[PDB]
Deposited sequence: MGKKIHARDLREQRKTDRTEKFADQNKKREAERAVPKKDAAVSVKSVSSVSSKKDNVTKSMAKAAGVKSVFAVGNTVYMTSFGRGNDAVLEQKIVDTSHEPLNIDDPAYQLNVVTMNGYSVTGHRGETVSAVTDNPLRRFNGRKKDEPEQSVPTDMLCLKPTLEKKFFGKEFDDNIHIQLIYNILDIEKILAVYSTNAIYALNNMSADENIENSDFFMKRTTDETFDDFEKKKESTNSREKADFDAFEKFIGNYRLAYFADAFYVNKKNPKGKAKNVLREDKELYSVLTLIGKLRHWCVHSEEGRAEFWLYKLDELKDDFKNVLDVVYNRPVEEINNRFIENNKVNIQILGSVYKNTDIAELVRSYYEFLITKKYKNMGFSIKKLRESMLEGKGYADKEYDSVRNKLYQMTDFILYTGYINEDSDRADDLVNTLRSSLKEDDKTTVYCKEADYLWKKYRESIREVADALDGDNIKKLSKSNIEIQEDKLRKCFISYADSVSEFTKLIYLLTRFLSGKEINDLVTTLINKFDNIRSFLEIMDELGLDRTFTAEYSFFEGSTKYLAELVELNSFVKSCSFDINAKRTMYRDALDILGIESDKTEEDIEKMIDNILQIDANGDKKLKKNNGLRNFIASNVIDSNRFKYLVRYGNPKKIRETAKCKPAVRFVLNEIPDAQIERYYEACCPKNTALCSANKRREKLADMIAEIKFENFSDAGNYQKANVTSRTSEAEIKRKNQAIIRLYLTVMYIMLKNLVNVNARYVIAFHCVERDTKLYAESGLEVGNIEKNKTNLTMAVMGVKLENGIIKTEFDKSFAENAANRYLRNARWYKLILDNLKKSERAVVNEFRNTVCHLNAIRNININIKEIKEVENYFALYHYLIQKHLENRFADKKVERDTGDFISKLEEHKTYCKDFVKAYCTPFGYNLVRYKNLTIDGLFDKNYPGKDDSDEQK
């Protein structure tokens, strides 16, 4: 709907006093198309020009298109982004005012252009998405314990030192080793057989402990490095993976090279350690997450290369600082990322562990008590993909009690189209769509056992149908609650990143570990005193805000009045509930008594509000949170004031704060009404 791109203007740039425009090409590559110098302009791309300027007014430039359909559109002047009807021309800056800092962090100097900032914001987007999938991976492993062992690993302690921790007397180190022995002893490692097992008739057997430790250490260090800022040389780790110890290099090699040798594509010898670590990360994820992850990298890195290449035509300085020189190979790392995407496939189960998953399969359905029928249930449950997802990211017995929430299943049955629910109902009881949904919800909640002249194949078809229904309903519900949680994981990742970036700028944000709201308070220029906010709203403060966000009476006021209600302990427990996914681990309890479900936002926040109410039952809470919890226990549905309260640490980025605090803006796929 943006006519500009159709007309062919790809990315408008400011470079000193001049402006450049680019056109799409053979891929996400770019060609520099037009130079503008105040009112003068001249073409650089002489042969096969893509588009031509109609007018060259300093305010805006209208351009017609000779490539493609002859759309004509107007493009705003980058040098006039923040100058107008308020220094008549200046290079624009990001909404966070972080540009001078990010540019001096990644490159050795400021440039007086706005090419470099777009590249850096793509590197920030690379880090943003790994924060989600690294925590989901750690969640998938931690769910098998159904003790912070996973939250703690570092790559400095090779296994030869972790072996020594076997013989320590300190209760911390005995707990650290005992958690490893308990992890190894868990049969649920068969869920990740492509990672934890090796093939050697042939047979697949559990990998040597040194390797399994090197896998846990790698995924844990990646998770820690994504979600937290790392001071010192620990920051460059993902960009200095060449400095990994040989055990981790060899685990990455032998985990990656196996399907490569099956196909022979780049063997583990020449492929980048970054690509190999991304392959390792993908093993813990669902195939949809794998596609989402790996394509996002291909994009980000292709954008990065396109800027690196067009910068050379201008003669701008391309060279990164010595530590970030990782990105100077982004052509190669793009080649390896597409080679990865050529063959990356979801992790298979251990072919022989079917007898182990059997009890999970019957537990998901609540079957306890011929056993031929019981095997017919198990085989088809376990081979499904829904069972893969539910058993990795949920607990079998916990899923069964979740299906008993009538409003939750009656809700998710609304997402299935009417005709498809008729296609599902026809298989179950051989007439309005909502009466189907109601009776089918009862037949999901109160499922007991199969069977609780008709042909044998017909009864087999009925059973297989009701199985695949139940698995699909729970798959959808769990997947959507996970992908909701991922947004707050990105949010707190960005809160932690931007704290460190503001510190380099010079804002006295202080230690954000003690209280997550401190970044918002610092950016608003308010100090809490006697433990509470004291400065009532004054217009004077809004003009002093650091970021371009806020700086308005309405939002500075709504942020301040929500922050006054934002109890620090509640915010920290919300943060931990997000980052560990404890809200959905305890799904059985957090979902009780829910009176209605309006959407996945109202369900996820009901879960969180219930968790926050279950805890803090003894630990005292101040009057406004006591009133929120009373409203929660009165209306049996999520209190909309409470979410806008404990989301206040994100307020320093208003767009995020707003998108997350109210349902109508949360999901781009389900737009809804905004609240004034």
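K.L.:
Ranges lacking C-alpha coordinates, please, mapped onto the deposited sequence and listed in sequence order.
P.N.:
The deposited sequence has unmodelled segments at 1 to 58, 145 to 147, 208 to 213, 268 to 272, 337 to 493, 599 to 625, 687 to 691, 714 to 726, 951 to 954.
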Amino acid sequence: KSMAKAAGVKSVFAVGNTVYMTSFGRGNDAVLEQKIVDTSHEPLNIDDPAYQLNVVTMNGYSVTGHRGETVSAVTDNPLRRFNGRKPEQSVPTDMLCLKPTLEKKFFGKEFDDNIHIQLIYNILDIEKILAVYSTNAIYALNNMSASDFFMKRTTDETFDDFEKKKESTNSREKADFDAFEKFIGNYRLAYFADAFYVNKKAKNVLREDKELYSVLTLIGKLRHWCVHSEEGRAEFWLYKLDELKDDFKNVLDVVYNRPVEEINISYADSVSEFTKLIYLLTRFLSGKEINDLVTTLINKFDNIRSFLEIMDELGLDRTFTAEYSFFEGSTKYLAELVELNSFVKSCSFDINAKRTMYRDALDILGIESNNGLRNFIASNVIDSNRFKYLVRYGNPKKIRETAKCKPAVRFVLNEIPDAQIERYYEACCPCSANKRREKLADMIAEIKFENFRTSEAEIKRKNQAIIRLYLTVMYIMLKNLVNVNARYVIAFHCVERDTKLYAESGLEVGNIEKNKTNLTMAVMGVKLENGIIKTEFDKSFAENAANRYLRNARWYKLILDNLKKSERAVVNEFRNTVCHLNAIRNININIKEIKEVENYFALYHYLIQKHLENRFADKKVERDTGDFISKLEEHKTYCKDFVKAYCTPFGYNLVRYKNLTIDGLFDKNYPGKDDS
From here on, numbers count along this sequence of modelled residues.
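Rigid core (definition): largest C-alpha set, two forms, superposition within 1.5 Å.
K.L.:
Return whichever of 464 to 472 or 280 to 288 has the larger RMS Cα deviation from the displayed form in 7 other deposited structures of this protein, where every structure is aligned on the rigid core.
P.N.:
After superposing on the rigid core, the more displaced stretch in 7 other deposited structures of this protein is 464 to 472.
K.L.:
Superpose by the rigid core: which stretch, 134 to 142 or 345 to 353, shows more Cα shift in 7 other deposited structures of this protein?
P.N.:
Of the two stretches, the larger average C-alpha offset in 7 other deposited structures of this protein falls on 345 to 353.
K.L.:
Is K201 without coordinates in at least a third of the other compared PDB entries of this protein that model the residues flanking it?
P.N.:
Residue status for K201: gap in at least one third of the other entries.
K.L.:
Of the other entries that cover residues on both sides, do at least a third skip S369?
P.N.:
In at least a third of the other entries, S369 has no coordinates.
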